[PDB]
Amino acid sequence: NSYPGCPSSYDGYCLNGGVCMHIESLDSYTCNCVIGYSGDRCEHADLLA
């Protein structure tokens, strides 16, 4: 009857446009990243200009 939301102890895990998204199906925690980022936690930027 509520949306607890993602935890706040991971220390901003997802970086560079990291929107926490709790998947009920997979039953896990994932984050959405933009194109260009792939490095661990989308930390590294792989911009193609």
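For the reader, a short list of remarks on this structure follows.
- Residues in the stretch 37-49 that are over 12 Å from the mean Cα position of the chain (by Cα) and either of a type in the set (A, V, I, L, M) or loosely packed, with under 10 Cβ neighbours inside 10 Å (or both): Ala45, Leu47, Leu48, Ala49.
- Selection status of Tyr37, on the phi < 0 side of the Ramachandran plot, in contact with a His (Cβ under 8 Å, 6 or more places away or on another chain) and of a type in the set (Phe, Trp, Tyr): yes
- Residues satisfying the stated conditions in the stretch 31-49, i.e. of a type outside the set (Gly, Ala, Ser) and assigned to a strand (DSSP E or B): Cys31, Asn32, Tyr37
- Within the stretch 15-30, the set of residues being of a type in the set (S, T, N, Q) and either in contact (Cβ under 8 Å) with a residue 40 or more places away in the chain or in a loop (DSSP other than H, G, I, E, B) (or both) comprises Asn16, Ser25.
- In the set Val19, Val34, only one residue is touching a helix residue (DSSP H, G or I) at 6+ places or on another chain (Cβ under 9 Å) and loosely packed, with under 12 Cβ neighbours inside 10 Å; that residue is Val34.
With ideal geometry, Cβ positions are generated from the backbone for all residues, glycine too; neighbour counts draw on all protein chains shown. Just so you know, all these numbers are worked out from the coordinates, no wet-lab data involved.
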